[PDB]
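Starting off, we have a lone chain in the form solved without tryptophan, written out as structure tokens.
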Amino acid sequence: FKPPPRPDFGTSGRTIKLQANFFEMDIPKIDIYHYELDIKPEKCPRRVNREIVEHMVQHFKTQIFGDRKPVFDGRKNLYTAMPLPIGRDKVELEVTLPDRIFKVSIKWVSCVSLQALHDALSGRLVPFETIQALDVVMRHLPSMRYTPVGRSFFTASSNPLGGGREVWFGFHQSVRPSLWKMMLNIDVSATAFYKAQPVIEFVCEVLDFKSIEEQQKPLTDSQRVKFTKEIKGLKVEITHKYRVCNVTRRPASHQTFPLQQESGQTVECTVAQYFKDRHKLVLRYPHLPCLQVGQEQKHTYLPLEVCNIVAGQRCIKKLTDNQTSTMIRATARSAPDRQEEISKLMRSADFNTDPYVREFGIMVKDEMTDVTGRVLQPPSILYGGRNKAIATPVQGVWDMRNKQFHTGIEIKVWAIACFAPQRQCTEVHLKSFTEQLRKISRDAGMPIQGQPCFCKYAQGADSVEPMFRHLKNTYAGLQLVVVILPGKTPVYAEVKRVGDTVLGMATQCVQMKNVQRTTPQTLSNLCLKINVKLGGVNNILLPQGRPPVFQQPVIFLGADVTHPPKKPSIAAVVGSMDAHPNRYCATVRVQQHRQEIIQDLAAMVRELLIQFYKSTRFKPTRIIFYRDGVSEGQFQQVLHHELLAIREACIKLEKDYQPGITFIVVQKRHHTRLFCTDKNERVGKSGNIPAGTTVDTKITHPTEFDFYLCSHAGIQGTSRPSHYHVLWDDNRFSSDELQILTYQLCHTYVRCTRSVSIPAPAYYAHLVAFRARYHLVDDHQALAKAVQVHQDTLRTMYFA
């Protein structure tokens, strides 16, 4: 029901001086006053409402507001520093915007006690409405100055991404509680928007046209479908605002609509003819389709040449890899650089001279918060082979030189399928590839004995299944099929579909591009996934160097949801199947569109418990549950349902079975940044904090059990420390034990010899759902059937 209080403050690890992008706020103790606004029409966008309120305050200045500067949230709530002279009773007013008349009623609703909040920060376990009030106050002005996106703000600076897209720089701002004081979280952000250009040029940039003069013919269906999928849902505006709901198949010269003549009779009329009659405009490009806007019952069609893409539209649809890369190159910068940019941002914002921040007596410190962090000692890693070499993670990174796999799978029989055109990928390529791969393999501890028994060329996904159907039937004990493919191709999905869901064979693909030039590290990293794909163990945590939670049987779960770019959401939960913990088992379900809550969690947890008991012959006395990607506002419901789901999964097994459940939420999408005070502590060109820095003081929840942990070594840009919030804990973990455990689990990721940002279970869950995505593409019964995995595939970490 309620998250546990904080048990203790972690004392383990080596102390480090840090600075967090949290800026202390001096909050007065006075009572803010809360008024409610009912504006009609009631479905106006927040910006219009803000303009209405502005003009309202400036208009009724004489009898209502006076010299007071109230702050507005864009919806229905208006706050004032000192009370409005209206009393309890509701007042109605009219506000005219320069041609429209708005009826705005204002009635006093409540009082916001800043003292209650102040005291909550000091042992009176926190009012959300007060924090939200402060938020409104702090972001009243930037909301009117810039383009608000969630808790961020953006503007237009000439930073093309291509695709009709652009880069907008801005910032994130959020009022946040912390022990004792109120913090202002300020970070530099940037996101993708759509350019303010004519739809013609949009078509040009989407279909790679240098000019609209080319393609002097009607569009390929191929093209229409792409442009349709690009512009659908976007707002346009007439050059003489509408919402594009569809794109016509027929050109503007032939696309018709029911036109009512003055006699009353209706006759079908072409868009071109209508624009020639009504607007005296002859379409220059009548061969091009139309944009169906508004209601589909309205039958409203607009030619492309008379529409412009409305400025300020954030790009939500998934970015291409090149666009994403460009975004990275434009946004990524070292930690000191980002810190300086946040400083310039604070200087530019100048909260202390803000009329509204002044009005409410709020004051913001210009210095980042001094926080003392602790670099946790990393776990050693035990490898196998003759040596049984122990590797020590230096800066969250280690290697496999003079090291073999823990239990390297002896590869005797295996096949090679190349879908690469043989001109591009030739016999000698395959030979040098298998040669190099074998040397690196023997050096890795997973010996691929003998040349490949099978090795053939093929093309088209249509031939994937039967080829496999042949292999499994002609080679006894066939362990692995190495599939070679060039560039983007749906054959990967087919190979994964048949391989994981149909026949149950381990498949390891390589890009054709990476076949010809082989680097020892690439091949080694390939073997890392190949070994775990065959059920082997690459490496384990040092047994003696582990938290006491491993004293009695414990299962580690990792859950995540993934949402579609009608298409269902994918829920994925994985569980540890040994005591290392290395090998994991996977469960995956399809569920309601954009439903974050794992609906069928109980069945999955039950299934994982069953597999655990089958693999270890033990009933886990403790269940550790790492939940990914849950907003701070969705906590109570996801906890209420999923905790009861795990509990019910335990009860459905046995009446007496009640293991301790630790419900933890891992957040990676936040704006908490940590910087090194001493330049001697900076690591790499990024200048980031080292791998293992843990912050559970100062900027963390005043009462609850939460902590920041930066388990990964920043390679590029500024590191984002993973936040962990303990929603439940029957096991009564200490801060040190839980933080160390969470840190050590980040070293159990098998796809790389380095510490990752989030623990292996959550990452694995993400991989499972991401694989289910490819399992889908190729009614609920059929989907759940297509996502289900072959039983022989099930034991093994196929998602690796």
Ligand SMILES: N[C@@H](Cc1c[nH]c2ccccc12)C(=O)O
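In case it trips you up, residue 1 is the first one in the sequence shown, and so on. Rigid core (definition): largest C-alpha set, two forms, superposition within 1.5 Å.
In what follows, reference is made to the form solved in complex with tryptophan, a form of this protein that is not presented.
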| query | finding |
| --- | --- |
| In the deposited bound form, segment of 383-391, 450-458, 591-599, 576-584 with a heavy atom within 4.5 Å of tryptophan | 576-584 |
| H701, heavy atom within 4.5 angstroms of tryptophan in the deposited bound form | no |
| Contact of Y242 with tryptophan in the deposited bound form (heavy atom, 4.5 Å) | no |
| is_contact(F612, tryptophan) in the deposited bound form, heavy atom dist at most 4.5 Å | yes |
| Any non-hydrogen atom of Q658 within 4.5 angstroms of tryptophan in the deposited bound form | yes |
| Triple contact flag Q551, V554 and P620 to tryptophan in the deposited bound form, non-hydrogen atom at 4.5 angstroms | yes |
| Contact residue in the deposited bound form, from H429, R176, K235, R647 (heavy atom within 4.5 Å of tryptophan) | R647 |
| Proximity to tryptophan in the deposited bound form, single hit among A156, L478, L653, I131 (heavy atom within 4.5 Å) | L653 |
| Residues of stretch 70-84 in contact with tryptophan in the deposited bound form (4.5 Å, non-hydrogen atom) | none |
| From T672, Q323, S380, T616, residue displaced between this form and the one not shown - CA threshold 2 Å or more, rigid core | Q323 |
| Flag for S222, CA shift 2 Å or larger between this form and the one not shown after aligning core | yes |
| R314 C-alpha moves between this form and the one not shown by 2 Å or more, core aligned | yes |
| Residue shift check between this form and the one not shown, rigid core fit, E632 Cα at least 2 Å | no |
